[PDB]
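Peer 1: Take this structure, written in structure tokens, and hold onto it; I'll ask about it next.
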4 protein chains.
Amino acid sequence: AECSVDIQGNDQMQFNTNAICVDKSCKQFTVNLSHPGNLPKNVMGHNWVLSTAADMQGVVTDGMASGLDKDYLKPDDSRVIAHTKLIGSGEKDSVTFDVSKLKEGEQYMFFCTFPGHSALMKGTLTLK
Amino acid sequence: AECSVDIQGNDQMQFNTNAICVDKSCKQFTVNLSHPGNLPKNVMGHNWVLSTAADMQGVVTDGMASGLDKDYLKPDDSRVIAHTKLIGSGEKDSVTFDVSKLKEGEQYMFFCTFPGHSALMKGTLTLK
Amino acid sequence: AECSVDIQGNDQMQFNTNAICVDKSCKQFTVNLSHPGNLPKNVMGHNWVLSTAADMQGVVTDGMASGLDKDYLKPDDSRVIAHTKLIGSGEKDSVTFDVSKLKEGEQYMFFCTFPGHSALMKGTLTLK
Amino acid sequence: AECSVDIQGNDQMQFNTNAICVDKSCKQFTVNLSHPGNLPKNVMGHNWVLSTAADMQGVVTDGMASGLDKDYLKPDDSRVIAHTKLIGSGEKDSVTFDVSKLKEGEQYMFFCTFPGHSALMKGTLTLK
Ligand SMILES: [Cu+2]
Ligand SMILES: [Cu+2]
Ligand SMILES: [Cu+2]
Ligand SMILES: [Cu+2]
């Protein structure tokens with residue numbers, strides 16, 4: 001509640017939120033991702049990935065090419081501020097990151113990088 | 001155009017887009033597939049195949065079992081909403097299908113069924 | 001040199017030889033596999049896998065089902081006499097196996113089990 | 001028997017002849033190929049392919065690369081004087097060719113172009 005959000009990615013290619021605001025007074029912020037539904041990771045895998053709005057396209061593009069065994073993320077992608085693993089239905093993953101990595105006024109996007117998902121599974125993140 | 005999309009599958013085993021939007025005010029939608037590159041068709045052949053997300057795995061698995069002879073598609077597969085032929089380098093093929101075949105509340109995936117290709121060659125199709 | 005062979009699998013989905021001879025007077029035989037080219041493992045990965053001709057199809061079918069994370073080989077597959085790891089471009093791997101595992105009168109095939117690859121990446125191994 | 005020969009290719013990668021002599025008084029010559037054994041075409045396919053000795057390596061190499069659905073022969077290969085289709089166990093095929101295509105004094109080879117078989121399955125053909 002204070003410094004975390006719980007997010008679900010389902011079999012209908014939806015996150016159950018499209019907007020996050022991180023309280024600047026949190027030292028760290030945590031996203032707890034889960035995957036209701038029944039489809040497997042190779043058909044309906046979801047991650048939660050954070051970048052600047054400007055970097056989203058390249059993160060998604062390079063991620064899609066990286067393949068499932070790399071969680072559809074380019075390894076060591078410096079544009080990725082934080083991310084969960086790619087999960088299938090019934091799996092879960094959390095990611096915690098340092099709030100100092102964000103700056104007020106900058107535009108951030110969160111999204112899933114499974115091929116074709118970012119067009120449907122994305123939202124804004126703000127720091128206040 | 002308003003009722004079609006151009007898509008490329010290349011010799012890096014990628015499509016050049018992974019998300020398609022079909023405008024519900026179209027009667028029909030056309031996918032124009034092309035194949036930049038130069039590898040033989042029996043090495044890097046591509047098609048564009050559409051099914052629901054729930055059906056994708058079966059279409060791909062049965063498709064590979066069907067062999068090159070059958071363009072890696074199970075003949076008269078009822079799960080396949082639309083598909084192009086399998087093409088090699090420098091070739092083109094288009095498929096047109098009725099938008100009435102889609103519903104606003106369903107999840108669709110497009111993909112190549114050549115063995116192993118769907119690892120990267122897959123994406124979403126959404127009716128809006 | 002008398003008890004080993006160097007073999008390459010390339011970006012054209014070919015091995016650079018399709019017939020290997022194993023000298024009966026060798027106690028052990030070594031295959032040194034390399035991968036000229038530049039495609040990544042998840043597009044054009046190769047291994048070198050040995051079975052009887054009669055087991056080849058079953059090994060290839062089950063290997064495909066096993067996934068890239070298993071190097072496209074069924075775990076503990078009793079039909080695989082010997083195998084390298086799966087490698088991408090610029091990588092190499094060797095396997096050594098006891099020549100006593102080969103029997104006179106039997107027919108052997110080597111092949112890559114990456115999806116679709118065995119179509120062209122297959123060959124014979126003969127004990128002399 | 002004066003203008004034909006029956007040849008078997010078995011599960012042991014052997015033809016049952018290593019040498020053919022075509023009587024030049026024949027207008028045409030026929031090879032009747034059969035495949036004793038149990039193994040199917042995809043792991044133990046055999047064809048009977050005729051070229052000059054000088055052309056054999058290129059025919060075999062390009063044949064390999066062409067795949068099972070092309071009977072492991074390059075389409076319209078001008079170096080191929082005559083060929084059967086590729087057969088598996090229990091199957092049969094015959095080819096007839098004009099004897100005028102052959103020159104007395106020239107060296108010819110017959111062989112199977114299934115990957116790795118030509119090293120084991122080849123012989124000479126002479127016109128007299
Ligand atoms: Cu997703
Ligand atoms: Cu493809
Ligand atoms: Cu391979
Ligand atoms: Cu053969």
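As shown in the structure tokens, the chain order sets the letters A, B, ...; within each chain, residues go from 1, and ligands are also counted from 1 in the order they appear.
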How would you report the residues lying within 7 Å of ligand 4, as a tab-separated table (two decimals) with N, CA and C atoms, in the first residue's frame, if you count only C-alpha atoms and all ligand atoms?
Peer 2:
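So out26.tsv came out as:
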```
chain	number	residue	atom	x	y	z
D	9	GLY	N	17.96	-51.27	-52.56
D	9	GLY	CA	18.65	-50.50	-51.54
D	9	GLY	C	18.04	-50.88	-50.21
D	13	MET	N	21.95	-49.53	-45.72
D	13	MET	CA	22.61	-48.56	-46.59
D	13	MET	C	23.55	-49.23	-47.61
D	44	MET	N	15.76	-43.62	-44.06
D	44	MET	CA	16.48	-44.61	-44.84
D	44	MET	C	16.00	-44.58	-46.29
D	45	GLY	N	15.66	-43.39	-46.76
D	45	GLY	CA	15.24	-43.26	-48.14
D	45	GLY	C	16.36	-43.53	-49.13
D	46	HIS	N	16.03	-44.18	-50.24
D	46	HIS	CA	17.02	-44.38	-51.30
D	46	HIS	C	16.48	-43.95	-52.65
D	47	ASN	N	17.33	-43.30	-53.41
D	47	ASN	CA	17.11	-43.13	-54.84
D	47	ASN	C	18.28	-43.73	-55.63
D	112	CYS	N	22.98	-42.91	-54.27
D	112	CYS	CA	21.82	-42.42	-53.55
D	112	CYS	C	22.18	-41.05	-52.98
D	113	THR	N	21.26	-40.08	-53.07
D	113	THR	CA	21.53	-38.74	-52.54
D	113	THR	C	20.89	-38.40	-51.19
D	114	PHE	N	20.25	-39.37	-50.54
D	114	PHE	CA	19.83	-39.17	-49.15
D	114	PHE	C	21.07	-38.81	-48.33
D	117	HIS	N	24.28	-41.03	-47.52
D	117	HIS	CA	24.19	-42.36	-48.11
D	117	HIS	C	25.16	-42.57	-49.26
D	121	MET	N	26.65	-45.83	-50.71
D	121	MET	CA	25.73	-46.34	-51.73
D	121	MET	C	26.05	-45.68	-53.06
```
Peer 1: Taking only C-alpha atoms and all ligand atoms into account, list the residues no farther than 12 Å from ligand 2, as number ranges by chain.
Peer 2: B: 8-15, 33-37, 39-49, 60, 63-64, 68, 71-72, 84-89, 110-122; C: 43, 115-116
Peer 1: Would you save the residues from that selection as an mmCIF file, in the first residue's frame, using C-alpha atoms?
Peer 2:
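Contents of out_35.cif, as written:
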```cif
data_model
loop_
_atom_site.group_PDB
_atom_site.id
_atom_site.type_symbol
_atom_site.label_atom_id
_atom_site.label_comp_id
_atom_site.auth_asym_id
_atom_site.auth_seq_id
_atom_site.Cartn_x
_atom_site.Cartn_y
_atom_site.Cartn_z
ATOM 1 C CA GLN B 8 7.575 -8.881 -43.229
ATOM 2 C CA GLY B 9 9.184 -12.041 -41.925
ATOM 3 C CA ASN B 10 12.955 -11.941 -42.384
ATOM 4 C CA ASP B 11 16.077 -14.078 -42.163
ATOM 5 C CA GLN B 12 16.483 -13.265 -38.439
ATOM 6 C CA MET B 13 13.299 -15.285 -37.807
ATOM 7 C CA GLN B 14 11.333 -12.161 -36.891
ATOM 8 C CA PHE B 15 8.196 -10.377 -37.982
ATOM 9 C CA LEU B 33 3.162 -10.932 -46.149
ATOM 10 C CA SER B 34 6.623 -10.579 -47.678
ATOM 11 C CA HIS B 35 9.983 -12.183 -46.966
ATOM 12 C CA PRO B 36 13.113 -10.027 -47.030
ATOM 13 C CA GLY B 37 16.259 -12.132 -46.992
ATOM 14 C CA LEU B 39 17.799 -18.189 -47.199
ATOM 15 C CA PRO B 40 16.002 -21.138 -48.873
ATOM 16 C CA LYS B 41 12.303 -21.726 -48.149
ATOM 17 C CA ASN B 42 13.148 -25.030 -46.494
ATOM 18 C CA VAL B 43 15.402 -23.205 -44.032
ATOM 19 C CA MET B 44 13.594 -19.970 -43.202
ATOM 20 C CA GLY B 45 10.139 -20.231 -44.754
ATOM 21 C CA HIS B 46 7.398 -18.071 -43.268
ATOM 22 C CA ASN B 47 3.655 -17.924 -43.199
ATOM 23 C CA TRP B 48 1.164 -15.780 -41.296
ATOM 24 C CA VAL B 49 -1.416 -17.823 -39.386
ATOM 25 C CA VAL B 60 1.699 -24.798 -34.155
ATOM 26 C CA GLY B 63 1.354 -27.651 -38.107
ATOM 27 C CA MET B 64 4.910 -28.835 -37.617
ATOM 28 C CA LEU B 68 6.732 -28.613 -45.381
ATOM 29 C CA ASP B 71 3.048 -25.532 -45.553
ATOM 30 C CA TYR B 72 3.364 -26.691 -41.955
ATOM 31 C CA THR B 84 -1.225 -17.150 -45.948
ATOM 32 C CA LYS B 85 0.838 -19.778 -47.794
ATOM 33 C CA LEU B 86 4.366 -20.543 -46.592
ATOM 34 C CA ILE B 87 6.779 -18.339 -48.589
ATOM 35 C CA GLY B 88 10.526 -18.160 -49.147
ATOM 36 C CA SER B 89 12.790 -15.179 -49.826
ATOM 37 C CA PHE B 110 -0.793 -14.519 -35.286
ATOM 38 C CA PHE B 111 2.336 -16.556 -35.895
ATOM 39 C CA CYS B 112 4.539 -18.508 -38.286
ATOM 40 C CA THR B 113 4.133 -22.284 -38.059
ATOM 41 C CA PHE B 114 7.477 -23.264 -39.599
ATOM 42 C CA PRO B 115 9.259 -25.398 -36.962
ATOM 43 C CA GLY B 116 10.602 -23.286 -34.115
ATOM 44 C CA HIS B 117 9.680 -19.963 -35.685
ATOM 45 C CA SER B 118 6.839 -19.053 -33.307
ATOM 46 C CA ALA B 119 9.425 -18.648 -30.521
ATOM 47 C CA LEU B 120 9.863 -15.132 -31.948
ATOM 48 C CA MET B 121 7.403 -14.995 -34.817
ATOM 49 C CA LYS B 122 4.168 -14.368 -32.939
ATOM 50 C CA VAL C 43 17.163 -18.996 -34.146
ATOM 51 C CA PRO C 115 13.143 -27.765 -34.467
ATOM 52 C CA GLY C 116 13.082 -28.447 -38.193
#
```
Peer 1: Within 10 Å of chain C, which residues belong to chain A? Use only C-alpha atoms and report them as a PyMOL selection string.
Peer 2: chain A and resi 65-69
Peer 1: For the interface of chain B with ligand 1 (cut-off 12 Å, counting only C-alpha atoms and all ligand atoms), please tabulate each contacting residue of chain B alongside its nearest pair of atoms and their separation in Å to one decimal, rows sorted by chain and increasing number, as a tab-separated table.
Peer 2:
```
residue	atom	partner	partner_atom_place_in_ligand_line	distance
B:53	CA	ligand 1	1 (Cu)	12.0
B:123	CA	ligand 1	1 (Cu)	10.7
B:124	CA	ligand 1	1 (Cu)	10.4
```
Peer 1: Go ahead and save the picked residues with N, CA and C atoms, as a PDB file, in the first residue's frame.
Peer 2:
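Saved as selection.pdb:
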```
ATOM      1  N   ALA B  53      -5.761 -17.300 -28.940  1.00  0.00           N
ATOM      2  CA  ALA B  53      -4.603 -17.607 -28.120  1.00  0.00           C
ATOM      3  C   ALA B  53      -4.692 -19.021 -27.547  1.00  0.00           C
ATOM      4  N   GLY B 123       2.489 -12.687 -32.480  1.00  0.00           N
ATOM      5  CA  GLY B 123       2.033 -11.402 -32.005  1.00  0.00           C
ATOM      6  C   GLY B 123       0.550 -11.424 -31.773  1.00  0.00           C
ATOM      7  N   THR B 124      -0.015 -10.273 -31.421  1.00  0.00           N
ATOM      8  CA  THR B 124      -1.437 -10.192 -31.129  1.00  0.00           C
ATOM      9  C   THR B 124      -2.219  -9.542 -32.244  1.00  0.00           C
TER      10      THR B 124
END
```
Peer 1: For atom CA of residue A:31 and atom CA of residue A:103, determine how far apart the two atoms are, in Å to one decimal place.
Peer 2: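 We find that atom CA of residue A:31 and atom CA of residue A:103 lie 18.1 Å from each other.
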Peer 1: When DSSP is applied to the backbone of this structure, which of stretch 3-125 of chain A are assigned strand (DSSP E or B)? Write them out as a ChimeraX atom specification.
Peer 2: /A:4-9,15,19-22,28-34,46,49-52,82-83,87,92-98,108-111,122-125
Peer 1: Excluding residue A:108 and any residue of its chain fewer than 6 positions from it, enumerate the residues within 12 Å of it, using only C-alpha atoms, and give them as a list in words.
Peer 2: residues 18, 19, 20, 21, 22, 49, 50, 51, 52, 53, 54, 55, 56, 79, 80, 81, 82, 101, 102, 122, 123, 124, 125, 126 and 127 of chain A
Peer 1: Residues as selected, C-alpha atoms, written as a PDB file, in the first residue's frame, can you do that?
Peer 2:
```pdb
ATOM      1  CA  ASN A  18      -2.846   1.137 -16.074  1.00  0.00           C
ATOM      2  CA  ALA A  19      -1.376   3.691 -13.719  1.00  0.00           C
ATOM      3  CA  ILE A  20       1.058   3.692 -10.845  1.00  0.00           C
ATOM      4  CA  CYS A  21       2.275   6.549  -8.694  1.00  0.00           C
ATOM      5  CA  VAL A  22       5.351   5.961  -6.564  1.00  0.00           C
ATOM      6  CA  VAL A  49       8.983  -4.053 -17.093  1.00  0.00           C
ATOM      7  CA  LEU A  50       9.715  -0.393 -16.363  1.00  0.00           C
ATOM      8  CA  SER A  51      11.510   2.123 -18.575  1.00  0.00           C
ATOM      9  CA  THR A  52      11.244   5.731 -19.645  1.00  0.00           C
ATOM     10  CA  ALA A  53       8.519   6.374 -22.191  1.00  0.00           C
ATOM     11  CA  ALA A  54      11.289   7.171 -24.714  1.00  0.00           C
ATOM     12  CA  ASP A  55      12.989   3.784 -24.195  1.00  0.00           C
ATOM     13  CA  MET A  56       9.855   1.614 -24.269  1.00  0.00           C
ATOM     14  CA  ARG A  79      17.172   0.990 -20.414  1.00  0.00           C
ATOM     15  CA  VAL A  80      15.250  -1.381 -18.175  1.00  0.00           C
ATOM     16  CA  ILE A  81      14.901   0.302 -14.783  1.00  0.00           C
ATOM     17  CA  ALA A  82      13.288  -2.694 -13.126  1.00  0.00           C
ATOM     18  CA  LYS A 101      16.371   5.580  -9.768  1.00  0.00           C
ATOM     19  CA  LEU A 102      13.324   7.681 -10.705  1.00  0.00           C
ATOM     20  CA  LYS A 122       1.054  -1.007 -20.557  1.00  0.00           C
ATOM     21  CA  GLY A 123       0.436   2.022 -18.360  1.00  0.00           C
ATOM     22  CA  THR A 124       2.151   5.049 -16.855  1.00  0.00           C
ATOM     23  CA  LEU A 125       4.291   5.322 -13.773  1.00  0.00           C
ATOM     24  CA  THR A 126       4.829   8.656 -12.028  1.00  0.00           C
ATOM     25  CA  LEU A 127       6.902   9.759  -9.093  1.00  0.00           C
TER      26      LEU A 127
END
```
